[PDB]
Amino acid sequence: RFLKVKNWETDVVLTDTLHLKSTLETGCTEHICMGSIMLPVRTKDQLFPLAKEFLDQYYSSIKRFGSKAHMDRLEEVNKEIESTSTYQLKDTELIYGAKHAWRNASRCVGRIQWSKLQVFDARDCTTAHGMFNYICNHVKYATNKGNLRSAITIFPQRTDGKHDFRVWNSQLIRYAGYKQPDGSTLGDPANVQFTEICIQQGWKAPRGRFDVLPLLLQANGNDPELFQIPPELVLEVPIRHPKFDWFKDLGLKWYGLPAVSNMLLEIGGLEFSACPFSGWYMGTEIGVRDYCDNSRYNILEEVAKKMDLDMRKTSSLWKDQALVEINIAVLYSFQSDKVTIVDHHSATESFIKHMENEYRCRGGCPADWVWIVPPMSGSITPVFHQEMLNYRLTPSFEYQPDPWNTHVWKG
């Protein structure tokens, strides 16, 4: 089978054969597409196949397919699984695995960078204090005083599902949200429930608009523990605008390091339930979503108010006007402070080049159009006009349930 994808701007046509390596399911059927749905304890049985399939990929990538080293490693993993019911990855396999989970992440527009990933093997970690130390080193290494470097830290894999390592924060660095008695929210409304859990666990909340949350860390299935990231390790950027002097007085800032901490990394059948990873921002993640979603900081009105836009009718495009200015301000601020950031024009152009290169050398690039297209200015970016095929390859990053829903408290 060959599937073709067209670009409607360039008329470039690509042929995908890689989708033939897909096994996981999409959510879609013959009768129903679920492409815009956000969300569409293993035994030995399922395991050796997953292991073998991963190891065959690994050994092909390094041009050693079928070699003695390849065969002995299959043999070795086979026997490890029968004797212990699981197995351990070699460092080189873990690194290759983590790189490929990113390469395979179909909602990631930043994948041109996939092969440049610093992998911190934290599989020797046993306690939450150990996790905290690991995460500080990650944050410091990745921050690099503004010159951001992609990185991932990988904690011990799942065993019986009763001893999971988990980072309870959704990202390593986020701002607290506090729901007020009058129904308004102070700070980030996306973090209210998590902030409540931190408070209940003993965090002394400053109750401001940009309070960096404490890490809440679960090791070996134990109850999680609170730690404050050292403030000197949290790089932040005050947001100002190049032409509008009043913009700074909105009191806005953001942190420099985007670091997803709630996902599951699957490599060769093994499950790494705590695998925080970080890169750098595309400007719209902050300027469009973080600042301008109604359920987030929601600053559009106040900005358009300061700009004296005609707010009487939507068709003055006052929201679109304020939206561009805010996004200009975020890119300007990060740039002036020398904190790595990419704009959505540059990021999407790089992605199309990456995607074409992947079609040529790999036979495809799974891509989720719903997520890859930026949330402003969609059609003046080259990805809008690009047909994409979304399917699931392993190694992979997966969503997992928030741990407060599933954790059995020990006391």
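Counting begins at 1, following the sequence as shown. Take the two forms, find the largest set of C-alpha atoms that superpose within 1.5 Å, and that set is the rigid core.
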Once everything is fitted on the core, do the CA positions of 141-149 or those of 178-186 lie farther from the shown form in 5 other deposited structures of this protein? 178-186
Between 153-161 and 123-131, report the one with more C-alpha displacement in 5 other deposited structures of this protein relative to this form after a rigid core superposition. 153-161
Could you tell me how many residues of the deposited sequence sit unmodelled between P40 and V41 (none, 1 to 3, 4 to 9, 10 or more)? 4 to 9
Tell me which stretch, 198-206 or 170-178, has the higher mean Cα B-factor listed in the entry. 198-206
When mean C-alpha B-factors in the record are compared for 279-287 and 246-254, the larger belongs to 246-254
Just the C-alpha B-factor column, please: which of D310, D124, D211, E93 has the biggest number? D310
Thinking about Cα B factors across the chain, which third does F48 belong to? highest
The third of the chain into which the C-alpha temperature factor of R362 falls is the middle
Within-chain third of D368 by Cα B-factor, per the entry: lowest
In terms of its chain's C-alpha B-factors, the third that includes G35 is the middle
By the record's CA B-factor, is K319 among the lowest, middle or highest third of residues in the chain? middle
